[PDB]
Amino acid sequence: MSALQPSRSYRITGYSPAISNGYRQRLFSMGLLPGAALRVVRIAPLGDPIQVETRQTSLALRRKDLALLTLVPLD
């Protein structure tokens with residue numbers, strides 16, 4: 001698969017102010033840094049995962065992990 005019905009792409013402008021307890025290091029370990037971007041695949045209406053595309057591979061995470069990041073959409 002090469003993404004799945006991309007509606008919008010959201011960039012990671014940085015980390016949230018709620019980031020605590022060295023979570024930046026966890027995020028860095030996971031490959032979450034400012035400057036990157038996620039192309040929407042879909043989120044489940046139940047609550048959340050986050051299926052996205054990065055370049056050649058899909059990525060998924062949770063709302064709580066997302067809460068450590070601040071995203072900025074293309075538009």
# chains A, B, ... in the order shown; residues from 1 in each chain; ligands from 1
call {"tool": "residues_around", "arguments": {"residues": "residue 3 (chain A)", "least_positions_apart": "2", "cutoff": "8 Å", "atoms": "only C-alpha atoms", "output": "PyMOL selection string"}}
result
chain A and resi 1+5-6+39-41+52-53+57-58
call {"tool": "select_by_dssp", "arguments": {"residues": "chain A", "states": "helix (DSSP H, G or I)", "output": "ChimeraX atom specification"}}
result
/A:23-30,63-66
call {"tool": "write_last_selection", "arguments": {"atoms": "N, CA, C and O atoms", "output": "mmCIF file, in the first residue's frame"}}
result
data_model
loop_
_atom_site.group_PDB
_atom_site.id
_atom_site.type_symbol
_atom_site.label_atom_id
_atom_site.label_comp_id
_atom_site.auth_asym_id
_atom_site.auth_seq_id
_atom_site.Cartn_x
_atom_site.Cartn_y
_atom_site.Cartn_z
ATOM 1 N N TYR A 23 10.145 12.408 28.323
ATOM 2 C CA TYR A 23 9.387 11.783 27.249
ATOM 3 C C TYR A 23 9.928 12.187 25.881
ATOM 4 O O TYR A 23 9.745 11.464 24.907
ATOM 5 N N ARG A 24 10.612 13.328 25.815
ATOM 6 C CA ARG A 24 11.228 13.768 24.570
ATOM 7 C C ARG A 24 12.229 12.725 24.103
ATOM 8 O O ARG A 24 12.372 12.465 22.911
ATOM 9 N N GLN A 25 12.904 12.119 25.069
ATOM 10 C CA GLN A 25 13.889 11.096 24.804
ATOM 11 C C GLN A 25 13.225 9.828 24.288
ATOM 12 O O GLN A 25 13.760 9.150 23.413
ATOM 13 N N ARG A 26 12.046 9.526 24.817
ATOM 14 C CA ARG A 26 11.272 8.385 24.350
ATOM 15 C C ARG A 26 10.805 8.634 22.922
ATOM 16 O O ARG A 26 10.871 7.751 22.068
ATOM 17 N N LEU A 27 10.362 9.859 22.676
ATOM 18 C CA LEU A 27 9.877 10.257 21.359
ATOM 19 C C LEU A 27 11.017 10.241 20.350
ATOM 20 O O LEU A 27 10.861 9.752 19.235
ATOM 21 N N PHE A 28 12.168 10.755 20.760
ATOM 22 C CA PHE A 28 13.354 10.779 19.912
ATOM 23 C C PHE A 28 13.774 9.362 19.555
ATOM 24 O O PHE A 28 14.149 9.075 18.418
ATOM 25 N N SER A 29 13.704 8.485 20.546
ATOM 26 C CA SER A 29 13.987 7.072 20.347
ATOM 27 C C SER A 29 13.025 6.464 19.328
ATOM 28 O O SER A 29 13.411 5.609 18.533
ATOM 29 N N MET A 30 11.782 6.931 19.346
ATOM 30 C CA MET A 30 10.753 6.407 18.455
ATOM 31 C C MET A 30 10.798 7.081 17.085
ATOM 32 O O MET A 30 10.149 6.629 16.139
ATOM 33 N N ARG A 63 -3.327 8.676 21.144
ATOM 34 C CA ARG A 63 -3.651 10.064 21.495
ATOM 35 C C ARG A 63 -2.745 10.584 22.608
ATOM 36 O O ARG A 63 -2.397 11.760 22.633
ATOM 37 N N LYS A 64 -2.386 9.707 23.533
ATOM 38 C CA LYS A 64 -1.548 10.090 24.661
ATOM 39 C C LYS A 64 -0.118 10.353 24.213
ATOM 40 O O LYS A 64 0.561 11.224 24.752
ATOM 41 N N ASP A 65 0.325 9.603 23.220
ATOM 42 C CA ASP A 65 1.649 9.794 22.644
ATOM 43 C C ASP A 65 1.646 11.034 21.761
ATOM 44 O O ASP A 65 2.606 11.797 21.727
ATOM 45 N N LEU A 66 0.532 11.241 21.073
ATOM 46 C CA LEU A 66 0.337 12.439 20.267
ATOM 47 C C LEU A 66 0.308 13.682 21.147
ATOM 48 O O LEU A 66 0.703 14.767 20.729
#
call {"tool": "closest_residue", "arguments": {"among": "A:43, A:38, A:18, A:10", "to": "residue 75 (chain A)", "atoms": "only C-alpha atoms"}}
result
A:10
call {"tool": "atom_distance", "arguments": {"atom1": "CA of residue 69 (chain A)", "atom2": "CA of residue 11 (chain A)"}}
result
10.1 Å
call {"tool": "closest_residue", "arguments": {"among": "A:49, A:54, A:73, A:68", "to": "residue 14 (chain A)", "atoms": "only C-alpha atoms"}}
result
A:68
call {"tool": "select_by_dssp", "arguments": {"residues": "region 38-75 of chain A", "states": "strand (DSSP E)", "output": "count of residues only"}}
result
15
call {"tool": "closest_residue", "arguments": {"among": "A:12, A:4, A:36, A:19", "to": "residue 67 (chain A)", "atoms": "only C-alpha atoms"}}
result
A:19
call {"tool": "atom_distance", "arguments": {"atom1": "CA of residue 74 (chain A)", "atom2": "CA of residue 33 (chain A)"}}
result
16.9 Å
call {"tool": "atom_distance", "arguments": {"atom1": "CA of residue 60 (chain A)", "atom2": "CA of residue 9 (chain A)"}}
result
14.3 Å
call {"tool": "decode", "arguments": {"residues": "region 10-69 of chain A", "atoms": "C-alpha atoms", "output": "mmCIF file, in the first residue's frame"}}
result
data_model
loop_
_atom_site.group_PDB
_atom_site.id
_atom_site.type_symbol
_atom_site.label_atom_id
_atom_site.label_comp_id
_atom_site.auth_asym_id
_atom_site.auth_seq_id
_atom_site.Cartn_x
_atom_site.Cartn_y
_atom_site.Cartn_z
ATOM 1 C CA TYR A 10 0.055 17.181 9.351
ATOM 2 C CA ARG A 11 3.596 18.225 10.241
ATOM 3 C CA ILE A 12 5.256 17.947 13.622
ATOM 4 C CA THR A 13 6.126 21.516 14.552
ATOM 5 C CA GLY A 14 7.595 20.390 17.846
ATOM 6 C CA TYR A 15 6.788 18.946 21.233
ATOM 7 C CA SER A 16 3.853 19.958 23.403
ATOM 8 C CA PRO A 17 4.202 21.962 26.661
ATOM 9 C CA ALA A 18 2.736 18.927 28.428
ATOM 10 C CA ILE A 19 5.783 16.807 27.608
ATOM 11 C CA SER A 20 7.169 15.542 30.911
ATOM 12 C CA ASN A 21 9.640 13.146 32.556
ATOM 13 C CA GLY A 22 12.107 12.823 29.681
ATOM 14 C CA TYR A 23 9.387 11.783 27.249
ATOM 15 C CA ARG A 24 11.228 13.768 24.570
ATOM 16 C CA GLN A 25 13.889 11.096 24.804
ATOM 17 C CA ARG A 26 11.272 8.385 24.350
ATOM 18 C CA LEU A 27 9.877 10.257 21.359
ATOM 19 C CA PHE A 28 13.354 10.779 19.912
ATOM 20 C CA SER A 29 13.987 7.072 20.347
ATOM 21 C CA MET A 30 10.753 6.407 18.455
ATOM 22 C CA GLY A 31 11.711 8.850 15.714
ATOM 23 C CA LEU A 32 9.375 11.693 16.636
ATOM 24 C CA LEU A 33 11.069 15.039 16.088
ATOM 25 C CA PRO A 34 10.079 18.513 14.786
ATOM 26 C CA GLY A 35 10.262 18.862 11.026
ATOM 27 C CA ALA A 36 8.596 15.589 10.129
ATOM 28 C CA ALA A 37 5.142 15.092 8.684
ATOM 29 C CA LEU A 38 2.362 12.512 8.796
ATOM 30 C CA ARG A 39 -0.016 11.768 5.939
ATOM 31 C CA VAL A 40 -3.441 10.740 7.230
ATOM 32 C CA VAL A 41 -4.615 7.200 6.599
ATOM 33 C CA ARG A 42 -7.361 7.224 9.260
ATOM 34 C CA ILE A 43 -8.237 7.378 12.955
ATOM 35 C CA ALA A 44 -10.768 5.026 14.569
ATOM 36 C CA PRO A 45 -13.929 6.885 15.747
ATOM 37 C CA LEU A 46 -13.896 4.891 19.001
ATOM 38 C CA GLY A 47 -11.184 7.149 20.232
ATOM 39 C CA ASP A 48 -7.817 6.852 18.619
ATOM 40 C CA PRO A 49 -5.113 5.182 16.931
ATOM 41 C CA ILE A 50 -3.412 7.157 14.205
ATOM 42 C CA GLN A 51 -2.727 5.486 10.905
ATOM 43 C CA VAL A 52 -0.494 7.682 8.792
ATOM 44 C CA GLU A 53 2.144 7.565 6.084
ATOM 45 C CA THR A 54 5.622 9.083 6.284
ATOM 46 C CA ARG A 55 7.272 8.384 2.920
ATOM 47 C CA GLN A 56 7.228 4.652 2.184
ATOM 48 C CA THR A 57 5.861 3.156 5.390
ATOM 49 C CA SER A 58 2.741 3.611 7.511
ATOM 50 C CA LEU A 59 2.941 4.699 11.143
ATOM 51 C CA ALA A 60 0.547 4.341 14.087
ATOM 52 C CA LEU A 61 0.388 5.758 17.629
ATOM 53 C CA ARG A 62 -2.036 6.852 20.358
ATOM 54 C CA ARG A 63 -3.651 10.064 21.495
ATOM 55 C CA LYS A 64 -1.548 10.090 24.661
ATOM 56 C CA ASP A 65 1.649 9.794 22.644
ATOM 57 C CA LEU A 66 0.337 12.439 20.267
ATOM 58 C CA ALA A 67 -0.281 14.610 23.321
ATOM 59 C CA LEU A 68 3.500 14.847 23.673
ATOM 60 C CA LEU A 69 3.698 16.431 20.227
#
